[PDB]
């Protein structure tokens with residue numbers, strides 16, 4: 001039972017079209033962020049995504065340490081925003097929730113829960129909890 005299985009459970013049970021985990025990885029210069037795990041992906045372009053520190057949707061969430069909720073991607077994100085969040089374009093997401101993953105007392109990675117084709121975010125998925133559902137990771141709530 002690895003992160004892939006936990007991700008699949010979350011996506012299926014919460015009724016999302018797409019889910020992914022962004023985690024820190026070693027680069028020859030500095031640490032980078034990659035979407036290490038994906039569930040319900042429509043292609044494999046997410047794998048080519050390599051974010052420098054602070055960059056991308058994962059970077060925003062890691063920086064602020066708080067979740068980002070987008071009910072309507074087409075209407076709520078600017079052109080610059082979409083270009084800055086390549087997984088949003090590669091997976092054709094129309095709605096999403098991105099949640100900071102905490103390890104120890106520090107921000108670490110990001111969980112992305114996404115919808116396609118105009119399907120709304122499930123009700124309450126904004127108050128959604130990581131804790132005891134994705135290994136040792138927790139969310140920003142109670143920090």
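Quick reminder, even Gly has a Cβ in these numbers, built from the backbone with ideal geometry, and neighbours come from all protein chains shown. Nothing in this text is a laboratory measurement; each read-out follows from the coordinates by a stated rule.
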Problem - Nitroxide proxy distance, nm - points 7 Å out along Cα→Cβ at residue 74 and residue 15 - result: 2.1
Exercise for the section: Please provide three numbers in whole Å: the alpha-carbon extents of the chain along the principal axes, with the largest listed first. Expected result: 37, 32, 27
Practice task
Please work out the C-alpha center-to-center distance from the stretch 53-130 to the stretch 1-40 and express it in whole Å.
Solution key: 12
Fill in the blank from the handout: Rounded to the nearest 500, the 222 nm mean residue ellipticity computed for the chain from DSSP H runs (n ≥ 4, each -39500 (n - 2.57)) alone is -6500 deg cm²/dmol
